[PDB]
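First up is the structure itself, then whatever we jot down about it.
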Amino acid sequence: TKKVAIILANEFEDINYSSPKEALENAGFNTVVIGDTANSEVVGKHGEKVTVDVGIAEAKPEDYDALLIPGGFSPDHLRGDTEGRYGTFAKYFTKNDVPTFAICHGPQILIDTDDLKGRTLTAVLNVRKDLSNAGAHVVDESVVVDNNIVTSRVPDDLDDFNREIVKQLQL
Amino acid sequence: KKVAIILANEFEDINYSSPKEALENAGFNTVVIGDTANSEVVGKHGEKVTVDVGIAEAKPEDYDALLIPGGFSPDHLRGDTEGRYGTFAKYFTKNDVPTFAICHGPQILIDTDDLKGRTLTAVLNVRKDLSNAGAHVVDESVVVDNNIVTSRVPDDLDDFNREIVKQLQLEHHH
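Chains as they are written, first to last, in PDB author numbering: chain A, 2 to 172; chain B, 3 to 176.
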């Protein structure tokens with residue numbers, strides 16, 4: 002069976018978590034929330050409460066068949082880690098060409114991998130300049146697939162995003 | 003004697019209030035520039051601020067300096083469909099006009115495309131983006147690179163406030 006890591010901090014955009022999570026679990030893929038402390042709760046911008054399954058200190062990227070990075074302000078919080086551990090965890094997926102999914106602000110974390118040069122991505126408008134400066138070919142589409150990397154912009158894109166992330170895991 | 007303060011919802015309250023009071027204590031007027039004149043923006047901790055001037059009508063030449071408070075306000079400002087806050091800020095970087103940013107505030111400066119070779123600091127969370135923009139990024143309580151003054155976190159505010167006031171006083175030959 003296949004397992005998707007979801008990296009999460011407070012103030013994620015609720016639907017960016019719940020919608021892809023439900024699409025993945027509907028297709029038969031288990032999800033596992035990675036955050037600061039196992040068995041702590043993080044809380045979305047609109048109040049959704051999510052239990053963290055695995056602490057980032059313990060997390061083994063090699064356990065997972067994909068990574069999902071929900072947006073909101075969760076990616077900004079994650080990038081506040083004084084040891085950069087979320088960027089490092091993400092770098093496993095980018096460096097080894099494992100399916101990697103990010104929506105909205107989520108592509109911020111990918112910047113921290115330094116693996117974006119020559120890759121094609123999209124993201125929410127707020128974050129597109131930063132993706133470009135990291136060396137991505139940034140476009141403005143509802144969903145963009147570059148080999149293993151799937152990105153979308155906003156919640157309105159979720160149908161497209163959800164179809165592509167499931168297709169990755171099937172492949 | 004007017005300082006522009008570009009502001010959306012979810013600014014870090016003290017990042018707005020503290021530099022504002024330091025500037026007004028030194029004899030400078032502050033003007034809040036936001037999406038809609040007369041509307042209210044609300045800080046992470048509830049502080050309510052009234053917008054004086056709508057970004058559509060704002061003219062950067064009116065102002066002696068630009069202040070960019072942090073929190074998630076700068077991220078909101080970067081969401082403007084026409085990029086009008088970045089464009090507003092470009093006037094200051096292009097013309098070497100005093101420009102002050104704290105915490106996340108320097109994110110907006112990335113949108114000027116004028117950072118290459120400049121020296122700045124910011125909150126840890128945005129340093130990598132400043133680096134990719136071509137800046138020399140340091141970890142100091144306040145950095146002054148000609149016209150650009152940056153600091154990292156609320157603990158830096160005493161240093162930040164000293165430097166922004168000094169910049170302006172020197173502009174006016176005090």
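Virtual Cβ for every residue (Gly too), placed ideally from N, Cα, C.
So, for residue i: in the same chain, excluding its five sequence neighbours on each side, which residues have a beta-carbon less than 7 Å away from its beta-carbon?
{"i": "A/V125", "result": "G72, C105, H106, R154, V155"}
{"i": "B/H47", "result": "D15"}
{"i": "B/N163", "result": "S20, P21, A24"}
{"i": "A/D64", "result": "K4"}
{"i": "A/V55", "result": "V33, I35, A39"}
{"i": "residue 177 of chain B", "result": "In the structure as shown, chain B starts at 3 and stops at 176, and residue 177 of chain B therefore has no counterpart that could be examined."}
State the Cα-Cα distance for the pair residue i and residue j, rounded to the nearest angstrom.
{"i": "A/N11", "j": "A/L69", "result": "15 Å"}
{"i": "A/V140", "j": "A/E14", "result": "22 Å"}
{"i": "A/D158", "j": "A/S143", "result": "5 Å"}
{"i": "B/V151", "j": "B/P108", "result": "10 Å"}
{"i": "B/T32", "j": "A/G136", "result": "38 Å"}
{"i": "A/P76", "j": "B/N97", "result": "34 Å"}
{"i": "B/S20", "j": "B/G45", "result": "13 Å"}
{"i": "B/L122", "j": "A/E23", "result": "42 Å"}
{"i": "B/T95", "j": "A/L117", "result": "28 Å"}
{"i": "A/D82", "j": "B/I166", "result": "29 Å"}
{"i": "A/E59", "j": "A/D37", "result": "10 Å"}
{"i": "B/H138", "j": "B/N127", "result": "16 Å"}
{"i": "A/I57", "j": "A/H78", "result": "13 Å"}
{"i": "B/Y87", "j": "A/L9", "result": "30 Å"}
{"i": "B/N134", "j": "B/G119", "result": "11 Å"}
{"i": "A/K168", "j": "B/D161", "result": "53 Å"}
{"i": "B/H175", "j": "A/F74", "result": "42 Å"}
{"i": "A/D147", "j": "B/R129", "result": "26 Å"}
{"i": "B/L172", "j": "B/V145", "result": "17 Å"}
Excluding sequence positions up to five away, which residues of its chain have a Cβ less than 8 Å from the Cβ of residue i?
{"i": "A/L170", "result": "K3, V5, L25, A28, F30, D66, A67, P100"}
{"i": "A/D131", "result": "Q109, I112"}
{"i": "A/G85", "result": "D113"}
{"i": "B/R80", "result": "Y87, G88, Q109, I110, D113"}
If you follow the alpha helix (DSSP H) that residue i is in, where does it begin and where does it stop?
{"i": "A/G88", "result": "86-96"}
{"i": "A/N11", "result": "It is not in any alpha helix (DSSP H) - A/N11 carries neither H nor E in the DSSP assignment."}
{"i": "A/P62", "result": "Premise fails: A/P62 is in no alpha helix (DSSP H) and is neither H nor E."}
{"i": "A/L111", "result": "108-112"}
For residue i, which of helix, strand or coil comes out of DSSP?
{"i": "A/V145", "result": "strand"}
{"i": "A/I57", "result": "coil"}
{"i": "B/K46", "result": "coil"}
{"i": "B/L69", "result": "strand"}
{"i": "B/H78", "result": "helix"}
{"i": "A/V155", "result": "coil"}
{"i": "A/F162", "result": "helix"}
{"i": "A/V33", "result": "strand"}
{"i": "A/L132", "result": "helix"}
{"i": "B/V139", "result": "strand"}
{"i": "B/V167", "result": "helix"}
{"i": "B/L122", "result": "strand"}
Who are the Cβ neighbours of residue i in its own chain at under 6 Å, not counting the five residues just before and after it?
{"i": "A/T52", "result": "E42"}
{"i": "B/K92", "result": "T114"}
{"i": "A/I7", "result": "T32, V34, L69"}
{"i": "A/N17", "result": "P71, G72, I104, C105"}
{"i": "B/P62", "result": "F90, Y93"}
{"i": "B/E49", "result": "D15"}
Determine the extent of the beta strand (DSSP E) in which residue i is found, giving its start and end residues.
{"i": "A/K4", "result": "4-8"}
{"i": "A/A103", "result": "101-104"}
**Request:** Compile a chain-ordered list of the residues in the segment 153-170 of chain B whose CB is closer than 9 Å to at least one CB of chain A.
**Result:** none
**Asked** Any residues in the segment 36-64 of chain A with a beta carbon nearer than 9 Å to a beta carbon of chain B? Which ones, in chain order?
**Response** none
**Near-chain B residues of the segment 114-132 of chain A - C-beta to any C-beta below 7 Å** = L126, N127, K130, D131
**Item:** Short-range partners of chain A found in the segment 66-86 of chain B, where Cβ spacing is below 8 Å
**Value:** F74, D77, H78, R80, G81, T83
**Message:** Please identify, using Cβ separations under 8 Å, the residues of the segment 2-21 of chain A that lie next to chain B, in order along the chain.
**Reply:** none
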